[PDB]
Every structure is written in structure tokens, then in C-alpha cells.
Amino acid sequence: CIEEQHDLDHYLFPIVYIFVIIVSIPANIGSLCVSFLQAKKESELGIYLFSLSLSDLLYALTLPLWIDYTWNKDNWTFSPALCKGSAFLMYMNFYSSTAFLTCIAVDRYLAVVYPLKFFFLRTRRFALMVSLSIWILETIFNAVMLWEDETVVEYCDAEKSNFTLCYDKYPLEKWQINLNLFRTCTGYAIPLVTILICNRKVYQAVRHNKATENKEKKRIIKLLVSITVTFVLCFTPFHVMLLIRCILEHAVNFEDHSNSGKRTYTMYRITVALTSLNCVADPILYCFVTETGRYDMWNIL
Amino acid sequence: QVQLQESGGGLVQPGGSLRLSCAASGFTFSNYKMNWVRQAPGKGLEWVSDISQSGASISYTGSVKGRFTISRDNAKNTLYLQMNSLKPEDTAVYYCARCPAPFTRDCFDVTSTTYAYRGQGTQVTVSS
Amino acid sequence: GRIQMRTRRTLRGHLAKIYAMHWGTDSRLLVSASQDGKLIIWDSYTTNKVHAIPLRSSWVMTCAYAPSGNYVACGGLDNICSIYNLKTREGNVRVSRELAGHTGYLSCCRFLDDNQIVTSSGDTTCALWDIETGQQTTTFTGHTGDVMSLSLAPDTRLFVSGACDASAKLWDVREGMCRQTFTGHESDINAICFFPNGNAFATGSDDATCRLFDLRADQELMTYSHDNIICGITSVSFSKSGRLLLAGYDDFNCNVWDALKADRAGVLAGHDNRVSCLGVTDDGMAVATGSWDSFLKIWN
Amino acid sequence: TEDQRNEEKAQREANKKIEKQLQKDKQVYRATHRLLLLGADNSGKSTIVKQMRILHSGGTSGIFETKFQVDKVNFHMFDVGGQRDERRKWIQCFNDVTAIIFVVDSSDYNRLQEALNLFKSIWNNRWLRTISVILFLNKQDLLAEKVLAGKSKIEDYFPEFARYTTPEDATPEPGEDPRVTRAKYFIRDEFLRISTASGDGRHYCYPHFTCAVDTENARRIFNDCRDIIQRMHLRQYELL
């Protein structure tokens, strides 16, 4: 326990999370409903968009407990089962959303880059199988933390009181390290390489297109640059800090207190707070900037 | 009955031109596209200058370009033509014609044989 | 004063635009023709497919169901009318007879009985055939433009057709000679249908108007129009009683005009492209439509 | 309740079976692309289609349907020759083809105005504004000869040629005369004016130069189909 952690989190986390929840919720409702509407038609991209929206809404569902916890006080009377379940759902989303962004990028790649090939993979019923498969795989591989007793209590000397730490501790427990290594290598590295490749290829095709004027090209490049920058900014720092923790806490003696405990943990928490902005960013770019069918779905509803 | 009746013709010579008057009746005049079309001995149908709906725009082809005076008037449901640089080639039946559908730029079959919406026409005797 | 309907049912499975549609004398079953080449027979009462005929030529513009409910006629831009079996003891749909001899794209066809058929084509003529031998017996002529419709009167001895020239003409089948012609319209026909009593018959046009005529009349009865609509009309229909009328429109919509009200009432909207055909059951328990969006939405 | 048993048996045996067959056939249907062909009587369209078919018909005395394949993607091409001269009605049966092949006789200057009017009508047609058209110009070599002889000079049907100047976009062919290129691209621009003045982004016309002997036309059609479908995908996958 370090004094600065509580005080800094008290201001940092509620401020960002209020905006994140209030803006993301309606945006993701819109994205999910419009994605389903599109899926009912021929386009298979609707399924992936629907799954991504569902994942982000799962995230938004868990966040309120976390804002309440971060505004840390003695008033946390919820059973530890809630601490288990909320973290489980939050990571479930995080990685499912990364995967479904990967799927959207791959789908648009196969579609625009190959107008006359690979119809089998682009079928709706193949997308359904992929979505169910990835759901089940991620759930079975992330179950490990449900079994473990993921809740700890520690004392703060300056505050002179106990506290309940939800999910993560400092230093990391061995099983947490083993879980996080795999979770990184599966849920962050793979989406990152794939989205860049897909969007680069799509822009290459658009520039190579024949029947497009200057304005449409400019709008397309704007959209693609926006998407890539959004992904990178939202995600990279948190995984960087998480890897730093995972490696140093295993390799670094725990008596080197000041720098590690005070700075590294605080920066890791700051990046965790930052990552939440992807929930706001994804609906805008993927649905609203381009598609008028959002207005049609609103009229239908 | 949907018909276009033409009037005016007869004696003509190089350097001298008559006036061709067309009389559309029983058919809304302005909103439909208009155009002339001619047939001459030893050859089929040929296109001639048009005039858009409400008399907005004009067009021509090379042989006729800048030598005939096209125009439309709602006051008589008529097209007009006066000849310049006249040649014996002027001899022809001047079919006053109109396009098949309104509010459109489609005039697919005006040149087609046995096309329904065109006038009987008149002839001019170029002589000297 | 106000008319409205909902999409009671929807038929899905066609892979292209539906160009033609027809029921059978048994209202529960219906035929459907699509540019994809499938003459799918659907069980209407359970929205089920019961057959799938692979047509010889994809470009189909017509489809008919024999009054006995057994034989189905198909054809189109190939200048041929083909017949198939449905109730044959072999248990498999198969070709029965094929009619050839026209010089233009097939526009409409209509069965007269289990052993006879009448048809119209885009070569400015109509013909009568014998199914048993597949031979002509009478040919009709007199029009100037393409003929694009048929309406066999309930008294099948007489039938009428509409053409691309400003005229619609009547023919008596056994005599084979035209005996009347009307010429009011300015941009000419695309569809025609008869009244149950047979005296009056409807008609569509390329100009934004619907018009009526009668056998006893030597005059154009009337013409409906709306100031703000430019597009044309694509089909027509009638009621079981026959008093009320209907039509289909080009602008991805229908528009229900009535003669007895003499004014329009509402619209059937929901297709995202042209409506290309219509129809009602022989008993009137249901109504169907077709569209270029490939859905035979069936309306309440 | 034997009626319910019979209904269930009939439904299960018929609908499942024939719908499985229908999906199997739809898989084939999507993979095949369909194209309409147009041209004048003196044009080389018949020769062009015959050359493509030889490069590798389903009917006669009517629609002259043809099959061809490129890059293992199967194509259909249809030529409607069994109809009389009027086109405005049966033409709209092809509102959903990937593209329309349009061939003109540029050497026959008399029809050049007729072909120009027909192309105007096609371009502005209500049901064809969304269907890209491929433009083909033939009998080009005869254009130089016509200029030399001048039996019916270009100016006789298009005096704009005299005031016309070769454009910067001009890419004269290695063994081609320059003024012949001027006139050729001049007629090309004559048609492209119609193409562009009232055109919209939902449409396009692709010009190409060829004589009927050229076999590449199949690959040109294939590549332009790729381009068309790529733009429809850009619109579909929300990149626009």
C-alpha cells in the first residue's frame, strides 16, 4: 500500500469513467442494433460488428462497480463473488473486442481486396461459427482466474486501516503472471499485426481504384487513418505497462520499493484508465461517420 | 389522335429558303422533347437538330450544323426551320418527331422504322 | 376514404429479380419466375417450396399455370413457350410440350384449357396453339408497336392486348380479326386486365395515368392522374367482386387508385425496387406481389 | 390426426431436400457473372463474341447466350439478336448485369450520330443510370484512310474536329499517326462529354480501343467487372 495510489485514483478514475460510460452506452446500443440490421441482410460484416458491440456493452456493464471501488472508501460491502465476476467479464470483453476488431479488418480485407474470390469464408453461417468458436475458446482459456481466490486484503500504515484489493495485487501472483503472458500474446499481439495489414491493403486498393474521385479518396484515407490511430492510442500503453509489470515483478527483488511500487503501479493504473476510451471510439468510427442506415434503424425503432 | 402535322414546302433553290411549320395536336407539347428527322431519296432515316423541353437547349450534327434554324414555340405547338447554304440535298420529307416518354432524356426509337410518334412530313423541290 | 395493408407474408429464396408471377386454380399453390431461371412452386399456406424447375433459359418474362393446375407454361426473351408436368404419375416435374414460331420476345401467355393456350409477343402479333400437337391455329395482327400484355376474358372467346403504339385492340379467338381500337393515351401501354362481367377492362401506361375502356364503348372512359408523380405504371389487378381496382408503379412503390372512388387511396410500400407483377387468388383469400428486389412480399 | 402426419412428412421430405438443392445451386449462381452486349449491325460484336467463345452458344434463333471463363471465374454474355429494331422496352431486362458492353462503328460516320444518340439514351435511362457501360470503338485504322480520301470527311458530321486539339492525356500508340489519334480521341471525347456532363458517381463509362480480332477483350471485361464490384464493395462495407 502506497499513499499516492488512493488519492490519485480517486480523482483519475471516476473522471474518465463517467464520460466513458455515459457516451459509450448509447453509441454501442446504436452500433449493435444497426449491426444486427445489416446482418439480417446479405452482408456478413454485421455479425462481427454485432459481436464487437456486445463485447463493449459487456465492458460498460462492469465499469460502474469499478468506479465505485476506485472512489475507494470503507463502503465496499459487496461479496467477493462480485469482485471475481466483474473482473472476469471485464477481461472477457477486453479480449473479445480485440478479436472482433481483428475479424472486421480481415472481413473488409477479403471483401474489397478480392471482389471475386473466397465466397465460402464470407458466408454468414461461417461468421456465426467463427464468433461462437472464439467466444468459447476465450472463455475456456480465461476461466483460470474464476477457480483461484482472486481477492486480497492488506494494511496501510499511514492511513492506519485495512483495505480490500479487488483482482490484482502487488507484486503479481505467479498464476496471474502465467495468465497475463498468454492473454497478451493472444489478445493484443495478433489483432495489432492484422488490423494494420488489412487497412493498409484496403487503402492501397482504394488508391488503385479507377472510378473514384478525389473527394471520396480523401474521405476514405481520413477514415482509415482515424481507425488505425484510435486502436493504437487506446490499446498500446496498457499492454506495455502490463508487460513491464509481468517481467519486472518476476525478475526484480521486492525490496526495491520506491520507484517500482509508487511509479510503475500508478502508471499501469493510468494506462488501464486510458484503455477505456476504445469503447467510445469504436462506435463512432465504425458506424456513425459513414452509414446513414443508423437513421433508418432509429426510424424503425 | 396523337399526331404531328407539318405545313409549308414546295419551291426551293440554292440561296432561297422557305419556312417549315409543324402542328402538334392532341398531345401535351412543352414537357416532351422535340426533334426533327428527315428521309431523302436512296437513303434511310437521318437525325436532325433537337430542342429540349421548354425550349432550353439545342444540338446539331455536322452536316446541319450552323445552317438551319431550329426552334419551338408553345404559342403554336410547332417547330420551325429555315434553310441557309441550301443544296439539292435539302429535298426530303421533314418528319416532325417527338420522343416517346416525358420528363426524360431517353429518345431510343425516334429513328426506328415504323416509329409511331412522328408526323407525315412535307417535301421541298430544290430546283434551278 | 383510406386503404392500407401490411406484408402478411414474405417469400425468400429467389436469387434475382422476379419478373412474373401466377397462381393456380388451387389458390394454395403459386408459380414464380425469376431471371435466375427457377420456376419455384411454393406452398402458399405454409410458405414452403414444393418444386424447383430449372428453366432452359434464364431470361424469363412470363409464367402461367394451367386451369387444371397440372401444366405450367414458361418463356420469355427466347421467343419460346415451354410446358412442364407437375401432377404426372412419374412423380417428377418434366417438360411436356414446347411452343415455337414467334419472331419476338414472349410478353404474356395464358392457358385456355388442359389442351390449348393463347399467347402474345413483342413482334406485334398474338397466336393460338394446340397443346396436343403444338401447332398454331390462328394468328392475330394489326398493331404497330410491341405488344406487352394479355387479358383472357372470363368468356374466353374474346381477349384484349396492349401495345407500345397508342392503341389497344380486341380479338375474337375463333375468327382471328380485329374489331375495335382505342387511342386516347399518349405514352402507351404496359399492362391490361379484364372485369369479371367482361364489358370493361383496365390498362396501364408509360405516362403517369391509368385509363378504362369498355366493349360497349367507342370512347375512352376516363384517365387518372396525380400532379406530383412522373414515373409510369407496371401492372394492374382486380377484386374478387371486381368493383375495386389497383396498379403497380415504377418508383419502387404501388399506388392504389379506385374507379368507384375515382381517386387514389394509400400505397403499398416496402419494396426497395420496381414492382414487376401482381395477382390475387381465385378465391380472394390472399394477395401477392413481386418485385425487382427478389421478394414476393404477400400482403394482408 | 393422419392429416398432420402427412403434412409433416411432406414438408420434411420436400422442403428440406429441395432447399438443400437450392443452396447448392445458389452457390453456383453467385459465382457466375452476367453481361449484356450491344452494338450496331455493321459492328463487329458477333465477331467479338465468337472470338471470346473460341478463347473459351446456349441458343440460336433467339438469345445468343455464350459462356466464357477467366481466372477460374465463370462468366455469361448475352446477345439479343432475335428482336426487331425497337429497343426501349426489352432493354431494361438487363438492369442488374455487372456491366453493358457497347460497341460502335467509328469508321461509319453516318451512324456515329445514331450511335451517339443511342448512347445518350442508354446513359440517361432511368433503369440504367446505375449500370456501368463499357465503350468499344472499332474500325479505327479506316479513320486515317477516310481522312486521306475524305469521301465523307469528319467535319461533314462533326466540324468540331477542325477546332479540336489533341489533349494532354493523349498517349499516341507507337506505330500510329498523330492526327489520326487526334480524330480518334476526338470522337472518344464526343462520347465522354455525354458520359460526364449529366453523369453521376453512381455510374461510369470505360472507353477502350480494339478491333474484333483482339482476344484481350475478355480480360478487359473481367478487370472492369473487378473495378465495378470493388466500388460496390467500398459502398457496401461502409468505407464510403
Side-chain angles (χ1 to χ4, degrees), chain B residues 1-6 22-37 39 44-45 47 50-57 72-79 93 95-111 114-121, chain C residues 103-105 107 121-125 141-149 161-169 178 180-191 203-211 213 217-220 223-234 249-251 274:
Chain B
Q1 63 293 3
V2 177
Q3 63 137 34
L4 328 169
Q5 189 268 5
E6 298 90 321
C22 170
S25 39
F27 144 65
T28 313
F29 182 62
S30 67
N31 57 325
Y32 287 63
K33 180 161 164 182
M34 281 315 108
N35 38 294
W36 288 89
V37 69
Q39 185 152 27
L45 286 76
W47 170 258
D50 79 296
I51 181 153
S52 79
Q53 322 91 307
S54 309
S57 304
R72 102 150 72 188
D73 321 62
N74 214 127
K76 198 56 163 68
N77 302 359
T78 192
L79 257 65
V93 165
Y95 303 104
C96 194
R98 67 91 145 161
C99 295
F103 313 123
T104 181
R105 273 59 51 89
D106 312 343
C107 302
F108 276 94
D109 298 319
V110 299
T111 188
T114 70
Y115 179 78
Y117 322 99
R118 72 159 77 113
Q120 310 302 339
Chain C
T103 58
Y105 59 82
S107 63
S121 169
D123 68 354
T124 326
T125 77
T141 183
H143 264 290
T144 296
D146 303 8
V147 176
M148 311 215 87
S149 52
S161 74
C164 281
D165 63 68
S167 72
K169 297 186 179 267
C178 182
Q180 177 58 308
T181 298
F182 329 114
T183 194
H185 32 291
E186 294 176 44
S187 193
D188 306 317
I189 311 326
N190 294 308
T203 293
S205 198
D206 266 341
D207 59 27
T209 77
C210 296
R211 312 191 191 222
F213 309 92
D218 201 18
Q219 165 65 302
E220 178 162 288
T223 197
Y224 188 66
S225 71
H226 216 265
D227 193 37
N228 70 311
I229 189 61
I230 72 177
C231 71
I233 318 107
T234 58
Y249 260 70
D250 262 307
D251 64 332
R274 273 180 64 159

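Values reported hereafter were calculated over all heavy atoms of this structure, with side chains retained and with hydrogens, waters and symmetry mates removed. Protein chains get the first letters and strands the later ones, always in sequence-line order, with residue 1 at the start of each.
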Next item on the list: Take atom CD of C:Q180 as the centre, draw a 6.0 Å sphere, and report whether it contains more than 12 heavy atoms from other residues, nucleotides or ligands.
Entry: yes
Next item on the list: Could you tell me whether C:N228 atom CG has more than 12 heavy atoms of other residues or ligands within 6.0 Å of it?
Entry: yes
Item checked: Any side-chain heavy-atom pair of C:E186 and B:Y117 under 4.5 Å -> no
Next item on the list: Heavy atoms only: give me the nearest C:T144-B:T114 pair and the separation to one decimal.
Entry: CG2-O, 3.7 Å
Check: So what's closer than 4.5 Å to chain C heavy atoms on B:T104: side chain, backbone, both or neither?
Finding: neither
Next item on the list: Pick one of side chain, backbone, both or neither for C:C231, based on which atoms fall under 4.5 Å of a heavy atom in chain B.
Entry: neither
Margin query: Quick one: does any side-chain atom of B:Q1 pair with a main-chain N or O of C:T183 as donor and acceptor, under 3.5 Å?
Written below: no
Next item on the list: Measure the CG-OH distance between C:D165 and B:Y115 for me, rounded to the nearest 0.5 Å.
Entry: 11.5 Å
